[PDB]
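Shown next, in structure tokens, is the structure this report addresses.
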Protein chains: 2
Amino acid sequence: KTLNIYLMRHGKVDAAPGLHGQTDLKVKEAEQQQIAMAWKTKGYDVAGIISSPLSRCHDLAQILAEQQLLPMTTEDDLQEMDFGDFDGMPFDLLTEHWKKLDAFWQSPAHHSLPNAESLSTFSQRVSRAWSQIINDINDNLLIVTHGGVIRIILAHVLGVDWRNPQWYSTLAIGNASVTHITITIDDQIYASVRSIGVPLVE
Amino acid sequence: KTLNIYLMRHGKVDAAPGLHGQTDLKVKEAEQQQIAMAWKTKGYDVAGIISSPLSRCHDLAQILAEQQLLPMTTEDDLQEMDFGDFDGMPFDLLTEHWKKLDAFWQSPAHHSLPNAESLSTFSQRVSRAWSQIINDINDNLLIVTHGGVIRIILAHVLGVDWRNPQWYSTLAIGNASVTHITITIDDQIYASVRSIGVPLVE
């Protein structure tokens, strides 16, 4: 038997583009309905939802859960990166402040934004949660999470180095995008990425 | 000033009569029309079509070209690897006592099949063509090609190592799958992989 994992990004955060980290950015009510109606009428088969604690994810997961009568939980390791000091700020307000994040994007191997989680810490807790999820899994699960989290999971499964800055620089995974990963279980565990970044609505 | 590149893979190849009484792997004619209708009704807008000259890619590109009245060209650097252009080459028992390309799945360049291209040649000839494509480009582009080709394009753009065997092993890109790369031209070329492997029907 083979099982289906669907990683979904939360949807556009009704905000100026910035560092949408662990600050609780809220998306619109009608926006979550769009995504939920899309997911249902596209006919996705899932038997359990794992969510990020944050509202943009959780609020949608919740709507889906009582839409299709399914078990739902949150996992705190599947929050996006804590940026610390700059966390939640729009990019235009960071012109006023420090131009040091360009050295973070250039090489996140040796940069952390003063009060931030490092990529080292972030990829640790993401892959640690991922390895547990694939070992605990029966039937199909939806994971409502963030793009940065999905990127690490795809880096792990495809076996590309998490240190590579280009991977986060160039791999845009959109809002309300289901990225299909399939696991196949017999002796020891095997995973293959089907279709990544597939949109649902706008 | 920002441009869309749609890398498509050809549809599902089934057994069909070919040249001189041989059995070919041809894409079913009605199944080609299903891809054509799906590309049209999904409303992908595009200026030109660059196809692989090979059998299954070229046919679809042809139908698409006169469906929406678009300029079409083949490009001989966008074909398969050419896994071995062998004839007799006393492969009387030599291809028989050969676990056929057991090191294409294993390594970058420690094997060949005394007729073929290595990964080093195949990557270089694709990326050279890709670089020529991204510099020539004005307006939107559909590239009808092969899964092998698309994988190296992504490897170059995402800055990942193409020597990695898992990149071909675990990364799937299905038949009739549009993968979206947007390039944006300024001082240099700036490419971001949007969606990858988005299918149309079965």
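Going through the structure tokens in order, the chains are called A, B, and so on, while each chain numbers its residues from 1 and the ligands are numbered from 1 in the order shown.
On all C-alpha atoms, the superposed RMSD for chain A relative to chain B stands at 4.5 Å.
Applying a distance limit of 9 Å to only C-alpha atoms, the residues of chain B near chain A read residues 157, 158, 159, 160, 161, 164, 165, 166, 167, 168, 169, 170, 171, 172, 173, 174, 177, 190, 191, 192, 193, 194, 195, 196, 197, 198 and 199 of chain B.
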Keeping N, CA and C atoms, export the residues of the selection given above as a compact mmCIF listing (two decimals), in the first residue's frame.
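Below is the file result-v4.txt, written as the result:
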# COMPACT_ATOMS: atom_id res chain seq x y z
N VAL B 157 18.17 26.15 -12.47
CA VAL B 157 17.44 27.32 -11.98
C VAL B 157 17.38 27.37 -10.44
N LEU B 158 17.05 26.24 -9.82
CA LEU B 158 17.01 26.14 -8.35
C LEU B 158 18.40 26.02 -7.72
N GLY B 159 19.43 25.97 -8.56
CA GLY B 159 20.81 25.89 -8.11
C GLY B 159 21.16 24.61 -7.36
N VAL B 160 20.39 23.55 -7.60
CA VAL B 160 20.66 22.26 -6.97
C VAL B 160 21.62 21.44 -7.83
N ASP B 161 22.29 20.47 -7.20
CA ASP B 161 23.24 19.62 -7.90
C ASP B 161 22.50 18.60 -8.76
N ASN B 164 23.18 14.71 -8.18
CA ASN B 164 22.33 14.03 -7.20
C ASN B 164 21.37 13.05 -7.87
N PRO B 165 21.52 11.74 -7.55
CA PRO B 165 20.71 10.67 -8.16
C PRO B 165 19.26 10.67 -7.69
N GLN B 166 19.01 11.25 -6.52
CA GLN B 166 17.68 11.30 -5.91
C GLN B 166 16.76 12.28 -6.63
N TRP B 167 17.36 13.26 -7.30
CA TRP B 167 16.67 14.27 -8.09
C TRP B 167 15.89 13.68 -9.26
N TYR B 168 16.31 12.50 -9.70
CA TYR B 168 15.64 11.80 -10.80
C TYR B 168 14.83 10.65 -10.23
N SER B 169 15.35 10.07 -9.15
CA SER B 169 14.74 8.93 -8.47
C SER B 169 13.41 9.29 -7.82
N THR B 170 13.41 10.37 -7.04
CA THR B 170 12.25 10.73 -6.22
C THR B 170 11.40 11.86 -6.80
N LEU B 171 12.01 12.75 -7.58
CA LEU B 171 11.26 13.83 -8.21
C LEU B 171 10.54 13.31 -9.45
N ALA B 172 9.22 13.28 -9.37
CA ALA B 172 8.39 12.89 -10.50
C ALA B 172 7.89 14.12 -11.25
N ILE B 173 7.86 14.02 -12.57
CA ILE B 173 7.10 14.96 -13.41
C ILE B 173 6.34 14.18 -14.46
N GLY B 174 5.02 14.15 -14.29
CA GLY B 174 4.15 13.27 -15.05
C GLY B 174 3.89 13.70 -16.47
N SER B 177 2.14 17.42 -17.98
CA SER B 177 2.30 18.24 -16.81
C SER B 177 3.02 19.54 -17.16
N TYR B 190 16.49 36.75 -13.89
CA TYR B 190 16.05 36.35 -12.55
C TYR B 190 14.88 35.38 -12.66
N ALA B 191 15.18 34.10 -12.46
CA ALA B 191 14.19 33.05 -12.63
C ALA B 191 13.70 32.51 -11.30
N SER B 192 12.39 32.31 -11.20
CA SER B 192 11.81 31.65 -10.03
C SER B 192 10.84 30.56 -10.46
N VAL B 193 11.11 29.33 -10.01
CA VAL B 193 10.24 28.19 -10.26
C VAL B 193 8.96 28.36 -9.46
N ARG B 194 7.85 28.58 -10.17
CA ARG B 194 6.55 28.70 -9.55
C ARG B 194 6.00 27.31 -9.23
N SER B 195 5.06 26.82 -10.03
CA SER B 195 4.56 25.46 -9.86
C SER B 195 5.39 24.48 -10.68
N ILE B 196 5.40 23.22 -10.26
CA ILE B 196 6.07 22.16 -11.02
C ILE B 196 5.23 20.87 -11.10
N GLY B 197 5.05 20.37 -12.32
CA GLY B 197 4.35 19.11 -12.54
C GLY B 197 2.84 19.17 -12.44
N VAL B 198 2.26 20.34 -12.70
CA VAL B 198 0.79 20.52 -12.69
C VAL B 198 0.14 19.80 -13.87
N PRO B 199 -0.68 18.78 -13.59
CA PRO B 199 -1.21 17.97 -14.68
C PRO B 199 -2.46 18.57 -15.34
Point to revise | Shortest interatomic distance to residue A:35 - which of A:13, A:63, A:185, A:50, counting only C-alpha atoms | key: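 Ranked by minimum distance to residue A:35, first place goes to A:63.
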Review point. Which of these residues is nearest to residue A:132, using only C-alpha atoms: A:54, A:189, A:116, A:19?
Key: A:189
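Every protein, DNA or RNA residue with an atom at most 9 Å from stretch 84-93 of chain A, where only C-alpha atoms count and chain neighbours fewer than 3 positions away do not, is listed here: residues 15, 16, 17, 18, 19, 20, 21, 22, 23, 24, 25, 81, 96, 97, 113, 114, 115, 116 and 117 of chain A.
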Point to revise | Straight-line distance linking atom CA of residue A:128 with atom CA of residue A:156, stated in Å to one decimal | key: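 Computing the Euclidean distance for atom CA of residue A:128 and atom CA of residue A:156 yields 10.8 Å.
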Residue neighbourhood residue B:79, 10 Å, only C-alpha atoms, exclusion window fewer than 4 positions, as a compact mmCIF listing (two decimals) with C-alpha atoms, in the first residue's frame:
# COMPACT_ATOMS: atom_id res chain seq x y z
CA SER B 51 9.33 21.80 -29.15
CA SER B 52 11.60 18.78 -28.92
CA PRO B 53 12.03 17.46 -32.49
CA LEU B 54 11.27 13.92 -31.26
CA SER B 55 8.16 11.90 -32.11
CA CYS B 57 6.63 16.12 -28.33
CA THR B 74 11.95 22.48 -32.86
CA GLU B 75 15.26 22.50 -30.96
CA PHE B 122 23.35 15.97 -21.45
CA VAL B 126 20.37 21.39 -22.20
CA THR B 145 9.71 18.54 -24.03
CA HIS B 146 10.78 15.54 -21.89
CA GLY B 147 10.77 14.89 -18.13
CA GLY B 148 14.52 14.30 -18.16
CA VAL B 149 15.08 17.72 -19.75
